[PDB]
Amino acid sequence: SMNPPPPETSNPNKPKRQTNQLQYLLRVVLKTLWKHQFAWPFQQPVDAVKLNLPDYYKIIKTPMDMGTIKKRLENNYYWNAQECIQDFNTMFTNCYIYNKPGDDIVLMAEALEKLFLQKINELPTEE
Ligand SMILES: Cc1cnc(Nc2ccc(OCCN3CCCC3)cc2)nc1Nc1cccc(S(=O)(=O)NC(C)(C)C)c1
């Protein structure tokens, strides 16, 4: 195959904002998920060439990963928390679409998602 370029993480033409919810998403949510024992397959874009998955980007047209999310948060790429939450959800969904239920990678994603939802429930209120 060829891998696609990774998702954009910095846009000089996109307005930037720093809020307590976005700060929480970086300093608590991203941080906590990153350190999970099953996080590492989700820490960078899927290298479908290295993994020998010629159909990966035929099926997954909206790829997302936590390396990308980390950079977007760092670069104040998001205007609001929902845009970031959507990226996490896209990452999980992508795993559940490409892989069979019960597969080891799916069980890993499910562990991360449970933790994610726990942290999102404790999202601070704005301002
Ligand atoms: C985010 C993500 C979503 N889906 C997948 N699916 C997937 C990945 C690789 C696959 O290859 C199957 C056969 N090989 C697996 C290792 C020996 C040969 C089959 C399916 N992988 C993902 N990431 C991933 C990243 C790095 C390594 C691997 S892995 O192939 O080592 N799979 C685990 C053992 C981590 C479950 C997987």
Side-chain angles (χ1 to χ4, degrees):
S1 315
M2 281 179 56
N3 297 317
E8 82 177 31
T9 51
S10 182
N11 192 333
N13 214 49
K14 187 183 191 290
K16 300 162 55 178
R17 185 165 77 148
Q18 192 172 336
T19 72
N20 62 311
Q21 290 184 332
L22 286 166
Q23 290 176 250
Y24 177 88
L25 282 158
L26 180 56
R27 294 301 145 95
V28 174
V29 180
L30 186 281
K31 176 179 175 184
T32 301
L33 266 60
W34 194 277
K35 292 177 183 192
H36 193 283
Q37 64 166 325
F38 295 146
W40 66 269
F42 305 93
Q43 284 172 357
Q44 60 284 308
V46 171
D47 189 340
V49 173
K50 186 182 182 179
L51 294 171
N52 197 26
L53 308 170
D55 67 344
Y56 186 82
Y57 289 107
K58 301 184 209 290
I59 294 166
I60 301 302
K61 301 300 189 185
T62 310
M64 188 50 56
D65 65 279
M66 297 201 297
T68 295
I69 292 168
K70 179 175 180 291
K71 291 183 180 174
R72 287 179 168 194
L73 286 163
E74 286 164 351
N75 300 342
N76 299 309
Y77 178 88
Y78 303 117
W79 183 261
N80 61 50
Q82 187 47 233
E83 294 176 337
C84 177
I85 291 170
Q86 179 180 338
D87 281 348
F88 277 105
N89 282 331
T90 294
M91 181 181 77
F92 296 129
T93 303
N94 286 346
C95 187
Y96 306 151
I97 291 161
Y98 183 73
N99 303 280
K100 186 176 185 186
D103 282 355
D104 287 332
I105 190 69
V106 171
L107 296 172
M108 290 188 186
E110 287 176 345
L112 293 181
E113 189 181 13
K114 175 174 188 164
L115 181 57
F116 174 73
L117 292 177
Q118 289 169 336
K119 294 305 183 180
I120 292 302
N121 284 342
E122 297 170 351
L123 189 70
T125 193
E126 280 218 43
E127 183 178 2

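All residue numbers in this chain count up from 1 along the given sequence. The basis for the numbers below is simple: all heavy atoms, side chains too, and nothing from hydrogens, waters or symmetry mates.
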Selection residues 99-127 - residue pairs positive for ring pair (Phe, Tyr, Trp, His ring centres under 6.0 Å), sequence neighbours left out:
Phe88-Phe116, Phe92-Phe116
At what distance, to the nearest 0.5 angstrom, does OG1 of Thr32 lie from NZ of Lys119?
4.5 Å
Does any non-hydrogen side-chain atom of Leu73 lie less than 4.5 Å from one of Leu22?
yes
The criterion is side-chain hydrogen bond (donor to acceptor under 3.5 Å, both in side chains); which residues satisfy it with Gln21, sequence neighbours excluded?
none
Restricting to side chain to side chain contact (heavy atoms under 4.5 Å, CB included), what partner residues turn up for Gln37, sequence neighbours left out?
none
State, with a plain yes or no, whether a side-chain heavy atom of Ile69 is found less than 4.5 Å away from one of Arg72.
no
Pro6 side chain reached by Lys71 side chain, heavy atoms, under 4.5 Å
no
What about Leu51 and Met2, same hydrophobic cluster or not, with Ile/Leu/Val/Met/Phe/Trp/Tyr joined at side-chain heavy-atom distances under 4.5 Å?
no
Is it the case that atom CG in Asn121 sees more than 12 heavy atoms from other parts of the structure closer than 6.0 Å?
yes
Under 4.5 Å between side-chain heavy atoms, counting indirect links through other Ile/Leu/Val/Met/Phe/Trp/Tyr residues: same cluster for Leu117 and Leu115 or not?
yes
Applying side-chain contact (heavy atoms from CB on, under 4.5 Å) to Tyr24 and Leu123, what does each step give before you reach the verdict?
CA-CA 7 Å; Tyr24 177 88; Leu123 189 70; 3.6 Å; yes
Should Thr19 and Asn80 be marked as a side-chain contact (heavy atoms from CB on, under 4.5 Å) after you check the CA-CA gap, both sets of side-chain angles, and the distance that decides it?
CA-CA 8 Å; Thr19 72; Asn80 61 50; over 6 Å; no
Could you tell me which residues satisfy ring-ring contact (aromatic ring centres under 6.0 Å, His included) with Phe38, sequence neighbours excluded, listed by chain and number?
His36
What pairs meet the salt bridge (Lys or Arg N to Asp or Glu O under 4.0 Å) rule with one or both residues in residues 15-31, with sequence neighbours excluded?
none
Once rounded to the nearest 0.5 Å, what's the spacing between atom CD of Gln82 and atom OH of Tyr78?
11.0 Å
Just jot down the side-chain hydrogen bond (donor to acceptor under 3.5 Å, both in side chains) partners of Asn89, sequence neighbours excluded, or say none.
none
Can you run down the side chain to side chain donor-acceptor pair (under 3.5 Å) pairs that involve residues 52-69, sequence neighbours left out, and say none if there aren't any?
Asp55-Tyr98, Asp65-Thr68
Check side chain to side chain contact (heavy atoms under 4.5 Å, CB included) between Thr93 and all other residues, then give those that pass, not counting sequence neighbours.
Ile97
Contacts of type salt bridge (charged side-chain N to carboxylate O under 4.0 Å, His left out), residue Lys14, not counting sequence neighbours
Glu83
Grab the two heavy atoms, one from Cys95 and one from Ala109, that are nearest each other, plus how far apart they are.
SG-CB, 3.7 Å
According to side chain to side chain contact (heavy atoms under 4.5 Å, CB included), who are the partners of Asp103, at least two apart in sequence or on a separate chain?
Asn99, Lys100, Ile105, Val106
What about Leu26 and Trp79, same hydrophobic cluster or not, with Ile/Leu/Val/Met/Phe/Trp/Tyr joined at side-chain heavy-atom distances under 4.5 Å?
no
I'd like to check the side-chain hydrogen bond (donor to acceptor under 3.5 Å, both in side chains) partners of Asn11; sequence neighbours left out, ordered by chain and number.
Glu8
Side chain of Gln43, backbone of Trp34: donor and acceptor closer than 3.5 Å?
yes
Is it the case that the side chain of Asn75 and the backbone of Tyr77 share a donor-acceptor pair, with hydrogens and angles ignored and the cut-off at 3.5 Å?
no
Nearest atoms (heavy-atom pairs only) where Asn20 meets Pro124:
ND2-CB, 3.7 Å
Quick check: is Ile60 connected to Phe42 through a chain of hydrophobic side chains (ILVMFWY, heavy atoms under 4.5 Å apart)?
no
How long is the span from the CG atom in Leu30 to the NZ atom in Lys35, to the nearest 0.5 Å?
11.0 Å
Run the side-chain contact (heavy atoms from CB on, under 4.5 Å) check on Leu25 and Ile120 step by step: do they pass?
CA-CA 8 Å; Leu25 282 158; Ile120 292 302; 3.9 Å; yes
Same cluster or not: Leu53 versus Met108, using hydrophobic residues (I, L, V, M, F, W, Y) connected whenever any side-chain heavy atoms lie under 4.5 Å apart?
no
The criterion is side-chain hydrogen bond (donor to acceptor under 3.5 Å, both in side chains); which residues satisfy it with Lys70, sequence neighbours excluded?
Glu74
